[PDB]
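Comments concern the structure below.
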Number of protein chains: 6
Amino acid sequence: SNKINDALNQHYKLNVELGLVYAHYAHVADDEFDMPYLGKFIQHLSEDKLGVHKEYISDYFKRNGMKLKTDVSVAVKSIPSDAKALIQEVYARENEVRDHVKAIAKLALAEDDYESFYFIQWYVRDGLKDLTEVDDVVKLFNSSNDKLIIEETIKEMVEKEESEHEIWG
Amino acid sequence: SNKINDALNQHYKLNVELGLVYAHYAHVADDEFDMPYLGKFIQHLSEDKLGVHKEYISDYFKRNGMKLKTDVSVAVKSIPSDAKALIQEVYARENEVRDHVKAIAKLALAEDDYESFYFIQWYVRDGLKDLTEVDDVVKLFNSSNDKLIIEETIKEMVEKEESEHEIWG
Amino acid sequence: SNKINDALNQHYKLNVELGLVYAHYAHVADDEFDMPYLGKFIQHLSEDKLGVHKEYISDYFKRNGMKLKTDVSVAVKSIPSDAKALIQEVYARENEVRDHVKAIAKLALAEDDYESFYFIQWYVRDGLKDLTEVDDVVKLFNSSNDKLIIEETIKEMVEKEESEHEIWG
Amino acid sequence: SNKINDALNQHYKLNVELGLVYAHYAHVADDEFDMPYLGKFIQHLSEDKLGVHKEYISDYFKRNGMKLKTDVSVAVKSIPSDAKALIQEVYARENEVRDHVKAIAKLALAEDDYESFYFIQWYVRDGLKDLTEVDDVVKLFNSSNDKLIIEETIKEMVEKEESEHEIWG
Amino acid sequence: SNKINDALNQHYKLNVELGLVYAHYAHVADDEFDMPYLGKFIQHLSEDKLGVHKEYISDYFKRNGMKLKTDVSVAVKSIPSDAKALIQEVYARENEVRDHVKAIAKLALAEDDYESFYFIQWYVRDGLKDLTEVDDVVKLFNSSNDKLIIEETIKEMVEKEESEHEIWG
Amino acid sequence: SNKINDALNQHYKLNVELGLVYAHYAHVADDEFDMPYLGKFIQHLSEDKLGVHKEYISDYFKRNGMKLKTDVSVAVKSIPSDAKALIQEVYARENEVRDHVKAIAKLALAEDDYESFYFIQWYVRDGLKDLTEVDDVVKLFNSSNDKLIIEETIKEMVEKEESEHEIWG
Ligand SMILES: [Cl-]
Ligand SMILES: [Cl-]
Ligand SMILES: [Cl-]
Ligand SMILES: [Cl-]
Ligand SMILES: [Cl-]
Ligand SMILES: [Cl-]
Ligand SMILES: [Cl-]
Ligand SMILES: [Cl-]
Ligand SMILES: [Cl-]
Ligand SMILES: [Cl-]
Ligand SMILES: [Cl-]
Ligand SMILES: [Cl-]
Ligand SMILES: [Cl-]
Ligand SMILES: [Cl-]
Ligand SMILES: [Cl-]
Ligand SMILES: [Cl-]
Ligand SMILES: [Cl-]
Ligand SMILES: [Cl-]
Ligand SMILES: [Cl-]
Ligand SMILES: [Cl-]
Ligand SMILES: [Cl-]
Ligand SMILES: [Cl-]
Ligand SMILES: [Cl-]
Ligand SMILES: [Cl-]
Ligand SMILES: [Cl-]
Ligand SMILES: [Cl-]
Ligand SMILES: [Cl-]
Ligand SMILES: [Cl-]
Ligand SMILES: [Cl-]
Ligand SMILES: [Cl-]
Ligand SMILES: [Fe+3]
Ligand SMILES: [Fe+3]
Ligand SMILES: [Fe+3]
Ligand SMILES: [Fe+3]
Ligand SMILES: [Fe+3]
Ligand SMILES: [Fe+3]
Ligand SMILES: [Fe+3]
Ligand SMILES: [Fe+3]
Ligand SMILES: [Fe+3]
Ligand SMILES: [Fe+3]
Ligand SMILES: [Fe+3]
Ligand SMILES: [Fe+3]
Ligand SMILES: [Fe+3]
Ligand SMILES: [Fe+3]
Ligand SMILES: [Fe+3]
Ligand SMILES: [Fe+3]
Ligand SMILES: [Fe+3]
Ligand SMILES: [Fe+3]
Ligand SMILES: [Fe+3]
Ligand SMILES: [Fe+3]
Ligand SMILES: [Fe+3]
Ligand SMILES: [Fe+3]
Ligand SMILES: [Fe+3]
Ligand SMILES: [Fe+3]
Ligand SMILES: [Fe+3]
Ligand SMILES: [Fe+3]
Ligand SMILES: [Fe+3]
Ligand SMILES: [Fe+3]
Ligand SMILES: [Fe+3]
Ligand SMILES: [Fe+3]
Ligand SMILES: [Fe+3]
Ligand SMILES: [Fe+3]
Ligand SMILES: [Fe+3]
Ligand SMILES: [Fe+3]
Ligand SMILES: [Fe+3]
Ligand SMILES: [Fe+3]
Ligand SMILES: [Mg+2]
Ligand SMILES: [Mg+2]
Ligand SMILES: [Mg+2]
Ligand SMILES: [Mg+2]
Ligand SMILES: [Mg+2]
Ligand SMILES: [Mg+2]
């Protein structure tokens, strides 16, 4: 499917640009908001988008004959005003990821592309996983007014040896 | 120095875009040229550019008050015709990296920015290191006409537990 | 160079007197401000100034024929009003350290004293390292109003098995 | 007792200035007299004066409400002519330490300050310990005319895993 | 830079010829002056000059396109009269090494050859290291008139598991 | 024997100059012929000539009263045209080594210098050993036209834990 090749190239592009924006947001979290642990959490998110998220698509393309396209433009011209808004912006991006992944799964079924529907199940699962982790961080800013209390809870999230849920892990 | 902040933001941008181009080149090396080990070598190069190469600058900026800028545009519209030309293109990019790094070191001395001159020594050293590794791969294509013989030599380069030279490591 | 011998004797004197002031500030942090961990952080800073910071210069002088001078006068006649101001005063001293080190590196190049320029690279690097650690402590007082929350974060900074950055470590 | 607070602040000052003079003497022992082991012995003495000797007083002050004062002036304007005289000068300083400590113990009893008399017992003991170690080094210069023979004996003193006397250790 | 290529080929030649002279001096130290440990110390110096000192330049040349030249002439026609003069001659050669290295660092900056300035920092550091070790041996001959006492001290220097100084190591 | 002293000083000179030429040839093998493993094989040969080959003679001279002479002149003005010719030139030098060693053994018997005949047996044995290793490398260039196939076989020769023949080892 050229439709599937296109939607998956779009998703590759979305994960690259997300990764670069999060790298910037990670820098701002520490450097401007004095929240280094919030920065590491977002930095880890950035390396996931620029890592397996994009690399699994290129690996898939090499298996099935689809064409990879690298066409990337992103610029960070405005920054959220504080840390809560920063992680709220992260949340909004991840929510849009779940929607685009939903379109790809729907399209693979429309095309009877059962290899692509299999492949996208990983991204269906991770769409909810990543959103859960970010939402666990959003809740902190409404559970405490002390930025060092929040930082301590993020520290444990980031340093947790993360044992993986039977379904969503 | 705003000059130094600018040159270093330029270098951050160069390492991001290099990283993305190499990720594409890595895919093409395996998928089009049937050279998976050439792909892993270039993939490792890609993750270095998108990893410590960019992250050390953002770390530096957070230490010294310089501003980070994320403004990235790159698109891979043409691909080299064969594997030799691919790694020759990689070589040319790395050679231009050494020139830009040279300008930054010269500028830091002009500015009496001895912290920036210290910081850039890492990139002066890695400029020659990375170029050496790529040149060791370029030489292979003129030492053999058998693409599987070359692949075997790249395999050992990539899988080498790389012990680091006292000066250039 | 007598210029270099003089600037380095000045720096030796600055590190001695800094060390003694920080020893006093460490005492005041616990004894007056009830922040024992802030005290240990500043005490560790004090022992670095009176330790390798001064001892590396005397070691250098013994290698190259320069004369060591011990001429030290310092008295702590006024104390900052609270803990935030205390660590802000520490910060200001460290910022002045970076400036004096910059003058020495500039002077060594002016003199073509490449041994002294090599020697001072350590102090160029540590100038930014020490300032980073102190600034990580300054930020705490504006991230929380609870002095025991701050103390807990300083406790982890001090007790961290500090793995050292590839460039600034 | 303000008398005790004063005498102990005086002793703090004496240990700081002693420490700095010994650091200079350690440098001169190696650099001028070619006796690096004599230097390490004196350097170790210097770090004891600037270490537990001063830090125990500041720790005591924080426990009992006494005020710490940092008022330090010392300059090394003349150097002994040879190594024997150097360690003889060290000896004379340590002998004066024992006298000042004796005055403090006598004063604490006069004041019925039994906490201060307890505290000073450490310094009564170390006064004789330190003097013994220095005197063991003074004797060497009258037991041999060969500076390398002396250096070898000091080397073992410094490198001895020093097991501590039941009373004076 | 052809200037840099030339100065570095000159330095390669200097290290080769130094190495061969020290090999002769090592032989004379044992065979004529009955100082086998002085011989091993000088022999170790010889193998450093003919080892990493020359090999790092050839390694550098292979990285950057500079030409290696092997043009070597040296003959040992006169021998110092005794051991003190022998190690004094060694000292004089090492002092001239520091001067030639200084010229190369100055030249690399003049040329904006920041790779060559990086490369030469190793030789700036080792220039002072090697001179320190030799000077520690020169001092022995003026600290004792007994050639076996001196030999014992050199023995420990040579057999020392040499832990390396943070700056000069 | 002055004859033996002379022939052995000649051999010392031959091993020094051979060592320096091989160091150059090792550089050229990698840098010009893209054969780094050929370079390491020749580099190892170079360090043997400048190592035990010369050092055993100086050790012998110190035992028996013979005079050591260091008189060395060598310059590499022409380089072989390709790798095969390079290792063929190495072979020719080693073959001449066997002839000079033969003259020394013959001379020691003529002189009834049975200590020198004993000493030279090592060099009689190593003369054939070294020639065998080099000849095993010469044969490769006539067994394959692929320079990377040859390099792989040299790699194993160099990395072989070389267990030593009962006679020639
Ligand atoms: Cl834009
Ligand atoms: Cl934006
Ligand atoms: Cl904030
Ligand atoms: Cl659809
Ligand atoms: Cl899955
Ligand atoms: Cl475009
Ligand atoms: Cl393109
Ligand atoms: Cl191809
Ligand atoms: Cl410039
Ligand atoms: Cl580095
Ligand atoms: Cl005053
Ligand atoms: Cl003050
Ligand atoms: Cl406070
Ligand atoms: Cl200046
Ligand atoms: Cl450093
Ligand atoms: Cl004065
Ligand atoms: Cl004085
Ligand atoms: Cl003396
Ligand atoms: Cl009294
Ligand atoms: Cl006690
Ligand atoms: Cl001559
Ligand atoms: Cl001569
Ligand atoms: Cl002698
Ligand atoms: Cl110049
Ligand atoms: Cl170094
Ligand atoms: Cl010639
Ligand atoms: Cl020739
Ligand atoms: Cl060839
Ligand atoms: Cl004969
Ligand atoms: Cl044998
Ligand atoms: Fe397609
Ligand atoms: Fe970051
Ligand atoms: Fe994760
Ligand atoms: Fe394809
Ligand atoms: Fe808000
Ligand atoms: Fe994920
Ligand atoms: Fe700026
Ligand atoms: Fe890939
Ligand atoms: Fe790498
Ligand atoms: Fe900033
Ligand atoms: Fe081609
Ligand atoms: Fe790199
Ligand atoms: Fe001076
Ligand atoms: Fe304290
Ligand atoms: Fe520290
Ligand atoms: Fe001096
Ligand atoms: Fe305040
Ligand atoms: Fe420090
Ligand atoms: Fe009081
Ligand atoms: Fe010292
Ligand atoms: Fe002690
Ligand atoms: Fe108090
Ligand atoms: Fe005297
Ligand atoms: Fe003591
Ligand atoms: Fe050249
Ligand atoms: Fe020898
Ligand atoms: Fe050494
Ligand atoms: Fe070349
Ligand atoms: Fe003499
Ligand atoms: Fe060295
Ligand atoms: Fe003879
Ligand atoms: Fe080499
Ligand atoms: Fe061998
Ligand atoms: Fe002799
Ligand atoms: Fe040929
Ligand atoms: Fe051999
Ligand atoms: Mg259907
Ligand atoms: Mg200038
Ligand atoms: Mg100048
Ligand atoms: Mg009474
Ligand atoms: Mg200039
Ligand atoms: Mg006969």
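Following the order of the structure tokens, first chain is A, next is B, and so on, with residues numbered from 1 inside each chain and ligands from 1 in the order they appear.
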Practice task
Write out as an NGL selection string each polymer residue (protein, DNA or RNA) that has an atom no more than 10 Å from ligand 66, with only C-alpha atoms and all ligand atoms counted.
Solution key: :F and (44-49 or 51-53 or 94 or 122-123 or 125-131 or 133 or 169)
Exercise for the section: Identify, on the basis of only C-alpha atoms, every residue whose closest approach to residue 65 (chain F) does not exceed 12 Å; exclude the query and any residue fewer than 2 positions from it along the same chain; express the result as a ChimeraX atom specification. Expected result: /E:27-28,31-32 /F:1-2,4-5,57-63,67-68
Take the residues that were just selected and, keeping C-alpha atoms, output them as a tab-separated table (two decimals), in the first residue's frame.
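Full text of out15.tsv as output:
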```tsv
chain	number	residue	atom	x	y	z
E	27	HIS	CA	74.58	0.90	28.88
E	28	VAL	CA	77.30	3.25	30.15
E	31	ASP	CA	78.76	-0.91	32.50
E	32	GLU	CA	81.06	2.03	33.32
F	1	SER	CA	88.23	-10.25	20.20
F	2	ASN	CA	88.19	-6.79	18.61
F	4	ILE	CA	84.00	-9.87	17.32
F	5	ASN	CA	83.40	-6.56	19.12
F	57	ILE	CA	74.27	-7.17	22.26
F	58	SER	CA	74.61	-4.30	24.73
F	59	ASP	CA	73.87	-6.77	27.52
F	60	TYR	CA	76.54	-9.12	26.16
F	61	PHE	CA	79.09	-6.28	25.88
F	62	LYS	CA	78.55	-5.33	29.51
F	63	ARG	CA	79.25	-8.92	30.53
F	67	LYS	CA	82.85	-1.64	23.87
F	68	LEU	CA	79.45	-0.45	22.66
```
Practice task
Extract the full set of helix (DSSP H, G or I) residues from chain D according to DSSP on the backbone, and format it as a ChimeraX atom specification.
Solution key: /D:2-31,36-64,83-110,114-141,147-159
Exercise for the section: Give as a ChimeraX atom specification every residue of chain E that touches chain B within 9 Å, counting only C-alpha atoms. Expected result: /E:56,63-64,109,112-115,118-119,122
Exercise for the section: Would you mind listing what lies within 12 Å of residue 140 (chain C) as number ranges by chain, with only C-alpha atoms counted and same-chain residues fewer than 5 positions away left out? Expected result: A: 33-36, 146-149, 151; C: 38, 83-84, 87-88, 133-135, 145-154, 157
Please identify all protein, DNA and RNA residues within 7 Å of ligand 41, counting only C-alpha atoms and all ligand atoms, and report them as a PDB file with N, CA, C and O atoms, in the first residue's frame.
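Contents of pocket02.pdb, freshly written:
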```pdb
ATOM      1  N   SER B  81      24.805   6.856  -5.741  1.00  0.00           N
ATOM      2  CA  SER B  81      24.375   5.789  -6.640  1.00  0.00           C
ATOM      3  C   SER B  81      24.748   4.404  -6.123  1.00  0.00           C
ATOM      4  O   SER B  81      24.094   3.419  -6.473  1.00  0.00           O
ATOM      5  N   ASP B  82      25.796   4.291  -5.321  1.00  0.00           N
ATOM      6  CA  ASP B  82      26.218   2.996  -4.813  1.00  0.00           C
ATOM      7  C   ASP B  82      26.852   3.208  -3.449  1.00  0.00           C
ATOM      8  O   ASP B  82      26.976   4.339  -2.973  1.00  0.00           O
ATOM      9  N   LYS B  84      30.005   2.797  -2.259  1.00  0.00           N
ATOM     10  CA  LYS B  84      31.226   3.602  -2.209  1.00  0.00           C
ATOM     11  C   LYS B  84      30.903   5.095  -2.164  1.00  0.00           C
ATOM     12  O   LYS B  84      31.414   5.829  -1.310  1.00  0.00           O
ATOM     13  N   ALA B  85      30.043   5.561  -3.072  1.00  0.00           N
ATOM     14  CA  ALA B  85      29.664   6.970  -3.072  1.00  0.00           C
ATOM     15  C   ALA B  85      28.944   7.360  -1.785  1.00  0.00           C
ATOM     16  O   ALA B  85      29.106   8.486  -1.301  1.00  0.00           O
TER      17      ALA B  85
END
```
Practice task
List all protein, DNA and RNA residues that have at least one atom no more than 12 Å from any atom of ligand 21, counting only C-alpha atoms and all ligand atoms, and write them as a VMD selection string.
Solution key: (chain E and resid 73 to 78) or (chain F and resid 69 to 73)
Filtering to C-alpha atoms, could you give me those residues as a PDB file, in the first residue's frame?
```pdb
ATOM      1  CA  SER E  73      71.908  10.499  11.935  1.00  0.00           C
ATOM      2  CA  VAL E  74      73.368  10.272  15.413  1.00  0.00           C
ATOM      3  CA  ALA E  75      76.673   9.101  16.855  1.00  0.00           C
ATOM      4  CA  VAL E  76      77.833   9.013  20.466  1.00  0.00           C
ATOM      5  CA  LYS E  77      81.409  10.204  20.317  1.00  0.00           C
ATOM      6  CA  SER E  78      81.861  11.489  23.777  1.00  0.00           C
TER       7      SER E  78
ATOM      8  CA  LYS F  69      79.389   2.033  19.780  1.00  0.00           C
ATOM      9  CA  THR F  70      76.324   4.054  18.739  1.00  0.00           C
ATOM     10  CA  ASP F  71      76.932   5.364  15.187  1.00  0.00           C
ATOM     11  CA  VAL F  72      73.677   5.429  13.222  1.00  0.00           C
ATOM     12  CA  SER F  73      72.737   6.963   9.884  1.00  0.00           C
TER      13      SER F  73
END
```
Problem - DSSP strand (DSSP E) residues within region 18-126 of chain E, as a PyMOL selection string - result: chain E and resi 71-75
